[PDB]
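Here you get one chain, nothing else, as structure tokens; it is the form deposited in one PDB entry.
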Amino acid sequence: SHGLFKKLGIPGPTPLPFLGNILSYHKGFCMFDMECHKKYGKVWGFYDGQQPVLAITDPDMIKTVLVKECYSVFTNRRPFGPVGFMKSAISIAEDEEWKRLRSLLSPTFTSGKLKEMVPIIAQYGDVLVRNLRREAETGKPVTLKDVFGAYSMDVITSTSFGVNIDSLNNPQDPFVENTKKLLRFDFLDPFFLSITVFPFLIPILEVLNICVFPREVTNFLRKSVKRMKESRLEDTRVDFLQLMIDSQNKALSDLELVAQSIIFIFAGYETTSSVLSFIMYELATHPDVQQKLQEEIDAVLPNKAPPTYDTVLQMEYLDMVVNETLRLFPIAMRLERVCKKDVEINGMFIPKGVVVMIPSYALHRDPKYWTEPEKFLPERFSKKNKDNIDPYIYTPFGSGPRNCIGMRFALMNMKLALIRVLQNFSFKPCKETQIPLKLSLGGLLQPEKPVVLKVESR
């Protein structure tokens, strides 16, 4: 079975019985992919335990699996562990169910609805600047994840559900406290290690009602959503929560609604707050880029003018800065599609069962497509070098019918935060700042030490 790639004539490292290549993950699965790419070329194969995985790096091959063959062969992401009713969450859902969730939820983030969100978000950007000023009035080291997390939770909850939970004025906010415990995947956790390696365990666990997400956290998020939806129905603006009630009056069940809500809560909070922290980390450590960003905001928005939808969009360098951070810190380190039948794509035979894997981290740092791939140089994303960058090599939000539904939301939300912040403050590194930033070898894209900076006024 570990002789799949040999028989197919596909290069790749040599697997150990049972574990496969899993122990090559010890120095992070990102440096695993990079090392394999450099060594094997555009295509290689490996085994997450028994699960065979095919890694692809040729752009057209990527376009085929991501776009052309989505509905026909590559509809689904890897099955990953015991998930319970969260098996209905759009990102985890398969086939027909993903299909009907995708068109139910996709109208969430249209131009019109995105434009209506600005006033709401600008309000939380004002509380954010007020909070950062306190940390600036003292010169106290600030954990970026804390402050930007509270902001992001406030934005997603308000824009998604129409509710103010005032997380920004509330240190011990149940919403933040629970959500950051929601997923804590670790290769060092025998639980996550075991199901990562030996997937035959999973169906046993689903019976036992065991789940990758902690019970206390899903219960809390379940009753919080029950509450918020009960509110909406008792009141006498169409958002994500309203759309899902419309489909209740096939055939969306209550549990399926909470699933979608937990996904949206998690992305809004965790991904948004993380990307903001990496962006600010790179500004602090690149003082002139911070300076140059500060001057666009001034040129476009003079006399501390409030950002609007179109002012955000006119801002080229702020955009350059964000793309450059996503290039260095892609939240999804790999994109994955399960191959659900035998197919030949770009004169290459892929069998049913294999996980087709696109190593975004590696491709974002390939010396082939990027000169000085390892540094922070926003210029590489200029109006001029715009059709240099291949859309299938640079995939921070993925591609095709299963790309990020919240992409323009998160881009707008982050830029609105960045604009408010940078028109008031300056971020400098301290002794408490880890330079260079090392990433955790554990799970998601997170720093090994939390991002800690000082905040100066203007």
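Residue numbers here begin at 1 and follow the sequence given. We call the rigid core the largest set of C-alpha positions that still match within 1.5 Å between the two forms.
Keep in mind that the form deposited in another entry is not shown, yet the notes after this line are about it.
Superposed on the rigid core, the two forms differ between this form and the one not shown by 2 Å or more at the C-alpha of one listed residue only; from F220, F381, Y361, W98 that residue is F220. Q291 is not among the residues whose C-alpha shifts by 2 Å or more between this form and the one not shown once the rigid core is aligned; its shift stays under 2 Å.
Core-superposed comparison between this form and the one not shown: the Cα of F175 travels 2 Å or more. If you fit the rigid core between this form and the one not shown, you'll see the Cα of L255 move by 2 angstroms or more.
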